[PDB]
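Participant: Input: one structure, supplied below.
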Amino acid sequence: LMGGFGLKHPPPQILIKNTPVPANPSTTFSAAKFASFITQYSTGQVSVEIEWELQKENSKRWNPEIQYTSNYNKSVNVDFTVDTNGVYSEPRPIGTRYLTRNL
Amino acid sequence: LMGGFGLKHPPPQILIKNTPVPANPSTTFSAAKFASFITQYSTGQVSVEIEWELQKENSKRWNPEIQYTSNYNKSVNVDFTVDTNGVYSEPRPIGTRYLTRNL
Amino acid sequence: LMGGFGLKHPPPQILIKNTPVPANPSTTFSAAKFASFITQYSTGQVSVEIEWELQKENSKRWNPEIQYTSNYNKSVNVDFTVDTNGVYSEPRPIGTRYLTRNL
């Protein structure tokens, strides 16, 4: 209902966790499990690549279509670009339906 | 200066004419050339086909371009279409420069 | 909903037109398009042939079916036939459901 491609076998979930590292266990033995660990985090790059297939547009309509066009009027901030403080902002939602096929 | 492709050898001119047909020459001989012909014209289809080569657009610009878009507001006559009397009309001149390359 | 076979690729439309023939263009040149043509029409035969596939009736019902039967009573005009003035007329609509299969 939200949108997109209903799949029976979606791209599988990728779960990730830091392996816990204990911290300074006492010398004498105790059965209770460790309540204290090294405080640590991890970081690194992630690369996702998807190959899309397209349906080429083949039509005979005479007059020109509607297209998605960023307006040419001068403004303080360009759309879809960083501002002066570095905060990237999307100005408006972009639907996918512009080209016109006859019903 | 007007625009387009300066060529040293342009597509050659194609000239066409109806061959004149005399009309009822008098029996006795006269040297003066014929002043009177059958009144006739000719008609038929003409087919011109040109093969254009393109330069594909390869850019990395992040934000969206400007495109040529027919406005979606309701109007008496659609643009680039016949009117109710059958007269085809071009609403406005369309320049070719929209896509943006860095200088 | 009306009836028949929903198709995704129907038999394609066949469009036909008389090529317009101009009539007596004036000698001096004028850019405006021709407003006057020869008045002409065309005619000829058209042949459509369709190959239908059937599902043969295989049943074991003991007693006789219902069939579509033109009544044998005498009448002024036979059904599905021309009248005395030559006007072909279909007397009644003929549905396709007569043979009986068990549900």
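Scheme for the structure tokens: letters A, B, ... for chains in order shown; per-chain residue numbers from 1; ligand numbers from 1 in order shown.
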Select all residues from chain B having any atom no more than 10 Å from an atom of chain C (counting only C-alpha atoms, ignoring ligands), output as an NGL selection string.

Facilitator: :B and (39-45 or 87)

Participant: Superposition of chain C onto chain A by least squares over all sequentially paired C-alpha atoms; the transformed chain is requested as an mmCIF file with N, CA and C atoms, in the first residue's frame.

Facilitator:
data_model
loop_
_atom_site.group_PDB
_atom_site.id
_atom_site.type_symbol
_atom_site.label_atom_id
_atom_site.label_comp_id
_atom_site.auth_asym_id
_atom_site.auth_seq_id
_atom_site.Cartn_x
_atom_site.Cartn_y
_atom_site.Cartn_z
ATOM 1 N N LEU C 1 0.817 -1.209 0.000
ATOM 2 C CA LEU C 1 0.001 0.000 0.000
ATOM 3 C C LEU C 1 0.850 1.259 0.000
ATOM 4 N N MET C 2 1.924 1.287 0.788
ATOM 5 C CA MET C 2 2.794 2.457 0.783
ATOM 6 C C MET C 2 3.345 2.718 -0.608
ATOM 7 N N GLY C 3 3.960 1.713 -1.205
ATOM 8 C CA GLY C 3 4.425 1.819 -2.565
ATOM 9 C C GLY C 3 5.526 0.820 -2.810
ATOM 10 N N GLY C 4 5.925 0.655 -4.053
ATOM 11 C CA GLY C 4 7.051 -0.194 -4.343
ATOM 12 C C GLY C 4 6.673 -1.601 -4.738
ATOM 13 N N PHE C 5 7.662 -2.472 -4.624
ATOM 14 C CA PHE C 5 7.606 -3.805 -5.193
ATOM 15 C C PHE C 5 7.364 -4.815 -4.088
ATOM 16 N N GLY C 6 6.186 -5.426 -4.079
ATOM 17 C CA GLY C 6 5.957 -6.540 -3.180
ATOM 18 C C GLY C 6 6.782 -7.731 -3.618
ATOM 19 N N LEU C 7 7.579 -8.268 -2.705
ATOM 20 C CA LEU C 7 8.442 -9.402 -2.989
ATOM 21 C C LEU C 7 8.136 -10.525 -2.019
ATOM 22 N N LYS C 8 8.273 -11.762 -2.476
ATOM 23 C CA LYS C 8 8.058 -12.901 -1.603
ATOM 24 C C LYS C 8 9.367 -13.212 -0.892
ATOM 25 N N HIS C 9 10.481 -12.952 -1.565
ATOM 26 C CA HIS C 9 11.802 -13.156 -0.980
ATOM 27 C C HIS C 9 12.558 -11.843 -1.058
ATOM 28 N N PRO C 10 12.393 -10.958 -0.091
ATOM 29 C CA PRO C 10 13.022 -9.657 -0.157
ATOM 30 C C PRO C 10 14.523 -9.783 -0.019
ATOM 31 N N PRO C 11 15.272 -8.729 -0.305
ATOM 32 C CA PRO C 11 16.670 -8.723 0.050
ATOM 33 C C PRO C 11 16.825 -9.038 1.521
ATOM 34 N N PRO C 12 17.647 -10.021 1.857
ATOM 35 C CA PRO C 12 17.700 -10.491 3.240
ATOM 36 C C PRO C 12 18.237 -9.410 4.156
ATOM 37 N N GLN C 13 17.820 -9.461 5.411
ATOM 38 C CA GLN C 13 18.312 -8.510 6.389
ATOM 39 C C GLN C 13 19.767 -8.782 6.715
ATOM 40 N N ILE C 14 20.520 -7.711 6.916
ATOM 41 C CA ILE C 14 21.920 -7.798 7.298
ATOM 42 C C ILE C 14 22.059 -7.248 8.704
ATOM 43 N N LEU C 15 22.338 -8.126 9.657
ATOM 44 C CA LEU C 15 22.451 -7.752 11.055
ATOM 45 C C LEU C 15 23.916 -7.760 11.435
ATOM 46 N N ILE C 16 24.309 -6.845 12.316
ATOM 47 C CA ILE C 16 25.705 -6.628 12.658
ATOM 48 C C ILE C 16 25.795 -6.270 14.132
ATOM 49 N N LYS C 17 26.813 -6.789 14.816
ATOM 50 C CA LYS C 17 27.001 -6.497 16.226
ATOM 51 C C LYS C 17 28.471 -6.559 16.593
ATOM 52 N N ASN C 18 28.853 -5.718 17.546
ATOM 53 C CA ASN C 18 30.172 -5.764 18.151
ATOM 54 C C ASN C 18 30.262 -6.962 19.077
ATOM 55 N N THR C 19 31.289 -7.769 18.917
ATOM 56 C CA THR C 19 31.487 -8.853 19.859
ATOM 57 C C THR C 19 31.850 -8.283 21.221
ATOM 58 N N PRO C 20 31.152 -8.661 22.281
ATOM 59 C CA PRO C 20 31.448 -8.083 23.590
ATOM 60 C C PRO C 20 32.800 -8.533 24.098
ATOM 61 N N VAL C 21 33.508 -7.599 24.723
ATOM 62 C CA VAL C 21 34.826 -7.839 25.290
ATOM 63 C C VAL C 21 34.733 -7.631 26.795
ATOM 64 N N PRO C 22 34.996 -8.644 27.611
ATOM 65 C CA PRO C 22 34.909 -8.466 29.057
ATOM 66 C C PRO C 22 35.976 -7.506 29.546
ATOM 67 N N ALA C 23 35.806 -7.019 30.768
ATOM 68 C CA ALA C 23 36.728 -6.053 31.340
ATOM 69 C C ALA C 23 37.130 -6.495 32.733
ATOM 70 N N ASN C 24 38.404 -6.829 32.905
ATOM 71 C CA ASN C 24 39.001 -7.048 34.213
ATOM 72 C C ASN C 24 38.187 -8.001 35.096
ATOM 73 N N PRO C 25 38.140 -9.283 34.762
ATOM 74 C CA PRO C 25 37.448 -10.231 35.632
ATOM 75 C C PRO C 25 38.244 -10.455 36.901
ATOM 76 N N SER C 26 37.532 -10.602 38.011
ATOM 77 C CA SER C 26 38.195 -10.770 39.292
ATOM 78 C C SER C 26 38.917 -12.107 39.352
ATOM 79 N N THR C 27 39.913 -12.184 40.234
ATOM 80 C CA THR C 27 40.746 -13.380 40.292
ATOM 81 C C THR C 27 39.954 -14.592 40.758
ATOM 82 N N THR C 28 39.301 -14.495 41.909
ATOM 83 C CA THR C 28 38.532 -15.625 42.407
ATOM 84 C C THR C 28 37.332 -15.879 41.512
ATOM 85 N N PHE C 29 36.915 -17.136 41.444
ATOM 86 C CA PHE C 29 35.897 -17.541 40.488
ATOM 87 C C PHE C 29 34.514 -17.154 40.982
ATOM 88 N N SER C 30 33.655 -16.745 40.055
ATOM 89 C CA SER C 30 32.266 -16.434 40.353
ATOM 90 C C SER C 30 31.406 -16.872 39.182
ATOM 91 N N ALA C 31 30.261 -17.485 39.481
ATOM 92 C CA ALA C 31 29.449 -18.075 38.424
ATOM 93 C C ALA C 31 28.606 -17.032 37.707
ATOM 94 N N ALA C 32 28.264 -15.940 38.388
ATOM 95 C CA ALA C 32 27.409 -14.924 37.791
ATOM 96 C C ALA C 32 28.071 -14.308 36.567
ATOM 97 N N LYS C 33 27.264 -14.018 35.551
ATOM 98 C CA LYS C 33 27.797 -13.559 34.275
ATOM 99 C C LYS C 33 28.297 -12.121 34.368
ATOM 100 N N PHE C 34 29.145 -11.749 33.412
ATOM 101 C CA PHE C 34 29.800 -10.450 33.449
ATOM 102 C C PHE C 34 28.807 -9.313 33.282
ATOM 103 N N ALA C 35 28.849 -8.369 34.214
ATOM 104 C CA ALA C 35 28.029 -7.175 34.137
ATOM 105 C C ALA C 35 28.759 -5.961 33.583
ATOM 106 N N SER C 36 30.049 -6.068 33.281
ATOM 107 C CA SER C 36 30.851 -4.913 32.905
ATOM 108 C C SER C 36 31.745 -5.262 31.731
ATOM 109 N N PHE C 37 31.692 -4.442 30.691
ATOM 110 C CA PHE C 37 32.440 -4.676 29.471
ATOM 111 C C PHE C 37 33.235 -3.435 29.114
ATOM 112 N N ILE C 38 34.204 -3.618 28.220
ATOM 113 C CA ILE C 38 34.833 -2.478 27.580
ATOM 114 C C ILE C 38 33.774 -1.732 26.792
ATOM 115 N N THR C 39 33.845 -0.407 26.812
ATOM 116 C CA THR C 39 32.923 0.419 26.045
ATOM 117 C C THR C 39 33.567 0.694 24.699
ATOM 118 N N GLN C 40 32.994 0.151 23.635
ATOM 119 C CA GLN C 40 33.617 0.278 22.331
ATOM 120 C C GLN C 40 32.554 0.305 21.253
ATOM 121 N N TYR C 41 32.924 0.864 20.109
ATOM 122 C CA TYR C 41 32.057 0.901 18.946
ATOM 123 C C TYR C 41 32.910 0.650 17.721
ATOM 124 N N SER C 42 32.255 0.416 16.601
ATOM 125 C CA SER C 42 32.965 0.126 15.372
ATOM 126 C C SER C 42 32.387 0.963 14.254
ATOM 127 N N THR C 43 33.137 1.089 13.172
ATOM 128 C CA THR C 43 32.741 1.925 12.055
ATOM 129 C C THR C 43 33.435 1.469 10.787
ATOM 130 N N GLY C 44 32.923 1.908 9.649
ATOM 131 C CA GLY C 44 33.470 1.491 8.377
ATOM 132 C C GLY C 44 32.461 1.713 7.280
ATOM 133 N N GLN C 45 32.916 1.538 6.050
ATOM 134 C CA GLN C 45 32.078 1.804 4.897
ATOM 135 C C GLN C 45 31.152 0.640 4.583
ATOM 136 N N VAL C 46 30.066 0.952 3.883
ATOM 137 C CA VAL C 46 29.122 -0.033 3.380
ATOM 138 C C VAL C 46 28.784 0.327 1.945
ATOM 139 N N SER C 47 28.743 -0.676 1.077
ATOM 140 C CA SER C 47 28.564 -0.470 -0.353
ATOM 141 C C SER C 47 27.406 -1.311 -0.854
ATOM 142 N N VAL C 48 26.363 -0.655 -1.344
ATOM 143 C CA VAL C 48 25.189 -1.330 -1.875
ATOM 144 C C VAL C 48 25.083 -0.988 -3.348
ATOM 145 N N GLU C 49 24.911 -2.010 -4.176
ATOM 146 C CA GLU C 49 24.782 -1.829 -5.613
ATOM 147 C C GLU C 49 23.608 -2.627 -6.136
ATOM 148 N N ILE C 50 22.711 -1.954 -6.839
ATOM 149 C CA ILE C 50 21.510 -2.569 -7.383
ATOM 150 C C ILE C 50 21.506 -2.371 -8.884
ATOM 151 N N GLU C 51 21.086 -3.392 -9.615
ATOM 152 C CA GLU C 51 20.969 -3.321 -11.062
ATOM 153 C C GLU C 51 19.507 -3.262 -11.456
ATOM 154 N N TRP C 52 19.085 -2.123 -11.977
ATOM 155 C CA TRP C 52 17.700 -1.898 -12.341
ATOM 156 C C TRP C 52 17.499 -2.218 -13.810
ATOM 157 N N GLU C 53 16.340 -2.770 -14.138
ATOM 158 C CA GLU C 53 15.943 -2.972 -15.521
ATOM 159 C C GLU C 53 14.865 -1.958 -15.852
ATOM 160 N N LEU C 54 14.865 -1.461 -17.082
ATOM 161 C CA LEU C 54 13.990 -0.370 -17.471
ATOM 162 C C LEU C 54 13.043 -0.827 -18.567
ATOM 163 N N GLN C 55 11.967 -0.076 -18.757
ATOM 164 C CA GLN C 55 11.084 -0.259 -19.900
ATOM 165 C C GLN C 55 11.183 1.001 -20.740
ATOM 166 N N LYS C 56 11.812 0.888 -21.902
ATOM 167 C CA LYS C 56 12.063 2.064 -22.716
ATOM 168 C C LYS C 56 10.746 2.675 -23.170
ATOM 169 N N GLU C 57 10.713 3.999 -23.243
ATOM 170 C CA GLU C 57 9.518 4.724 -23.648
ATOM 171 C C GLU C 57 9.442 4.810 -25.163
ATOM 172 N N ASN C 58 8.366 4.240 -25.696
ATOM 173 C CA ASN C 58 8.075 4.202 -27.117
ATOM 174 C C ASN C 58 6.676 4.730 -27.294
ATOM 175 N N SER C 59 6.546 5.931 -27.829
ATOM 176 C CA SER C 59 5.225 6.489 -28.042
ATOM 177 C C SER C 59 5.220 7.299 -29.313
ATOM 178 N N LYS C 60 4.030 7.691 -29.736
ATOM 179 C CA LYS C 60 3.862 8.476 -30.944
ATOM 180 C C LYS C 60 3.207 9.822 -30.683
ATOM 181 N N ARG C 61 2.987 10.183 -29.424
ATOM 182 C CA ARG C 61 2.323 11.437 -29.104
ATOM 183 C C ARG C 61 2.981 12.597 -29.831
ATOM 184 N N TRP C 62 2.168 13.464 -30.432
ATOM 185 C CA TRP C 62 2.726 14.552 -31.228
ATOM 186 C C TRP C 62 3.252 15.677 -30.354
ATOM 187 N N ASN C 63 2.437 16.178 -29.441
ATOM 188 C CA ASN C 63 2.811 17.369 -28.698
ATOM 189 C C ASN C 63 3.713 17.011 -27.524
ATOM 190 N N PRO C 64 4.436 17.981 -26.972
ATOM 191 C CA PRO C 64 5.428 17.653 -25.949
ATOM 192 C C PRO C 64 4.800 17.243 -24.629
ATOM 193 N N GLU C 65 5.550 16.449 -23.875
ATOM 194 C CA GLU C 65 5.089 15.875 -22.627
ATOM 195 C C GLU C 65 5.136 16.887 -21.492
ATOM 196 N N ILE C 66 4.922 16.382 -20.292
ATOM 197 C CA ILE C 66 5.293 17.093 -19.079
ATOM 198 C C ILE C 66 6.570 16.469 -18.549
ATOM 199 N N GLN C 67 7.475 17.286 -18.038
ATOM 200 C CA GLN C 67 8.732 16.775 -17.524
ATOM 201 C C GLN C 67 8.932 17.331 -16.129
ATOM 202 N N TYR C 68 9.862 16.747 -15.385
ATOM 203 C CA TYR C 68 10.196 17.282 -14.075
ATOM 204 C C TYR C 68 11.317 18.290 -14.249
ATOM 205 N N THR C 69 11.035 19.545 -13.922
ATOM 206 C CA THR C 69 11.948 20.646 -14.168
ATOM 207 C C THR C 69 12.143 21.464 -12.909
ATOM 208 N N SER C 70 13.396 21.718 -12.548
ATOM 209 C CA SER C 70 13.687 22.581 -11.422
ATOM 210 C C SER C 70 13.481 23.991 -11.962
ATOM 211 N N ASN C 71 12.706 24.808 -11.262
ATOM 212 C CA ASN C 71 12.416 26.159 -11.734
ATOM 213 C C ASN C 71 13.670 27.012 -11.842
ATOM 214 N N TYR C 72 13.717 27.862 -12.866
ATOM 215 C CA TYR C 72 14.877 28.711 -13.122
ATOM 216 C C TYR C 72 14.909 30.060 -12.412
ATOM 217 N N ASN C 73 13.986 30.298 -11.491
ATOM 218 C CA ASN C 73 13.988 31.562 -10.771
ATOM 219 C C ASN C 73 15.086 31.589 -9.719
ATOM 220 N N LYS C 74 15.674 32.761 -9.514
ATOM 221 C CA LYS C 74 16.738 32.925 -8.530
ATOM 222 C C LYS C 74 16.189 32.795 -7.117
ATOM 223 N N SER C 75 16.910 32.083 -6.259
ATOM 224 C CA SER C 75 16.474 31.885 -4.882
ATOM 225 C C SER C 75 17.657 31.831 -3.926
ATOM 226 N N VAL C 76 17.393 31.988 -2.635
ATOM 227 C CA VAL C 76 18.462 31.978 -1.643
ATOM 228 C C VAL C 76 19.241 30.673 -1.707
ATOM 229 N N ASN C 77 18.544 29.543 -1.675
ATOM 230 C CA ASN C 77 19.180 28.234 -1.707
ATOM 231 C C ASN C 77 18.707 27.472 -2.929
ATOM 232 N N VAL C 78 19.643 26.832 -3.624
ATOM 233 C CA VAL C 78 19.273 25.931 -4.703
ATOM 234 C C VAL C 78 18.548 24.735 -4.103
ATOM 235 N N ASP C 79 17.694 24.098 -4.889
ATOM 236 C CA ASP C 79 16.977 22.940 -4.388
ATOM 237 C C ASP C 79 17.843 21.694 -4.491
ATOM 238 N N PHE C 80 17.686 20.797 -3.518
ATOM 239 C CA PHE C 80 18.463 19.559 -3.449
ATOM 240 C C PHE C 80 19.946 19.828 -3.275
ATOM 241 N N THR C 81 20.298 20.831 -2.488
ATOM 242 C CA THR C 81 21.697 21.160 -2.299
ATOM 243 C C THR C 81 21.905 21.581 -0.857
ATOM 244 N N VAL C 82 23.161 21.578 -0.423
ATOM 245 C CA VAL C 82 23.462 21.934 0.951
ATOM 246 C C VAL C 82 23.206 23.415 1.161
ATOM 247 N N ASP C 83 22.906 23.789 2.396
ATOM 248 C CA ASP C 83 22.761 25.196 2.733
ATOM 249 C C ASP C 83 24.102 25.723 3.217
ATOM 250 N N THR C 84 24.103 26.932 3.773
ATOM 251 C CA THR C 84 25.358 27.546 4.181
ATOM 252 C C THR C 84 25.937 26.897 5.426
ATOM 253 N N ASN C 85 25.129 26.159 6.176
ATOM 254 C CA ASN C 85 25.606 25.452 7.353
ATOM 255 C C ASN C 85 25.906 23.992 7.083
ATOM 256 N N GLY C 86 25.700 23.526 5.860
ATOM 257 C CA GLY C 86 26.023 22.166 5.509
ATOM 258 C C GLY C 86 24.893 21.177 5.632
ATOM 259 N N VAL C 87 23.663 21.640 5.833
ATOM 260 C CA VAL C 87 22.555 20.725 6.043
ATOM 261 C C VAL C 87 21.845 20.465 4.725
ATOM 262 N N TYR C 88 21.930 19.232 4.249
ATOM 263 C CA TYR C 88 21.313 18.822 2.997
ATOM 264 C C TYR C 88 19.814 18.700 3.194
ATOM 265 N N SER C 89 19.042 19.271 2.279
ATOM 266 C CA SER C 89 17.597 19.300 2.415
ATOM 267 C C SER C 89 16.931 19.006 1.082
ATOM 268 N N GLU C 90 15.902 18.162 1.133
ATOM 269 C CA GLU C 90 15.085 17.861 -0.028
ATOM 270 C C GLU C 90 13.886 18.789 -0.044
ATOM 271 N N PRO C 91 13.736 19.638 -1.056
ATOM 272 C CA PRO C 91 12.676 20.655 -0.998
ATOM 273 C C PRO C 91 11.265 20.107 -1.093
ATOM 274 N N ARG C 92 10.997 19.166 -1.991
ATOM 275 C CA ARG C 92 9.633 18.713 -2.210
ATOM 276 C C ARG C 92 9.650 17.247 -2.604
ATOM 277 N N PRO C 93 8.548 16.528 -2.393
ATOM 278 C CA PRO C 93 8.501 15.123 -2.801
ATOM 279 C C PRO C 93 8.357 15.006 -4.302
ATOM 280 N N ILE C 94 9.029 14.021 -4.880
ATOM 281 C CA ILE C 94 9.039 13.852 -6.320
ATOM 282 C C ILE C 94 8.358 12.540 -6.657
ATOM 283 N N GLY C 95 7.138 12.613 -7.169
ATOM 284 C CA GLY C 95 6.483 11.420 -7.654
ATOM 285 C C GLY C 95 7.095 10.959 -8.956
ATOM 286 N N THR C 96 6.782 9.732 -9.351
ATOM 287 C CA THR C 96 7.411 9.168 -10.535
ATOM 288 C C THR C 96 6.574 9.279 -11.797
ATOM 289 N N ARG C 97 5.358 9.803 -11.737
ATOM 290 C CA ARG C 97 4.464 9.732 -12.888
ATOM 291 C C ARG C 97 4.404 11.076 -13.594
ATOM 292 N N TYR C 98 5.061 11.143 -14.743
ATOM 293 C CA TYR C 98 5.057 12.278 -15.654
ATOM 294 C C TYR C 98 4.774 11.882 -17.088
ATOM 295 N N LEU C 99 5.585 11.009 -17.669
ATOM 296 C CA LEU C 99 5.288 10.502 -18.994
ATOM 297 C C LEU C 99 3.876 9.952 -19.053
ATOM 298 N N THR C 100 3.272 10.075 -20.222
ATOM 299 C CA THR C 100 1.869 9.771 -20.416
ATOM 300 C C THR C 100 1.721 8.649 -21.427
ATOM 301 N N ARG C 101 1.063 7.563 -21.029
ATOM 302 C CA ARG C 101 0.636 6.543 -21.974
ATOM 303 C C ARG C 101 -0.870 6.641 -22.095
ATOM 304 N N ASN C 102 -1.393 6.386 -23.286
ATOM 305 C CA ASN C 102 -2.833 6.281 -23.438
ATOM 306 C C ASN C 102 -3.334 5.052 -22.702
ATOM 307 N N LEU C 103 -4.551 5.138 -22.194
ATOM 308 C CA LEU C 103 -5.103 4.084 -21.371
ATOM 309 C C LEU C 103 -5.453 2.879 -22.219
#

Participant: Taking only chain C into account, list the residues labelled strand (DSSP E or B) by DSSP (computed from the backbone), as a ChimeraX atom specification.

Facilitator: /C:22,37,82,88
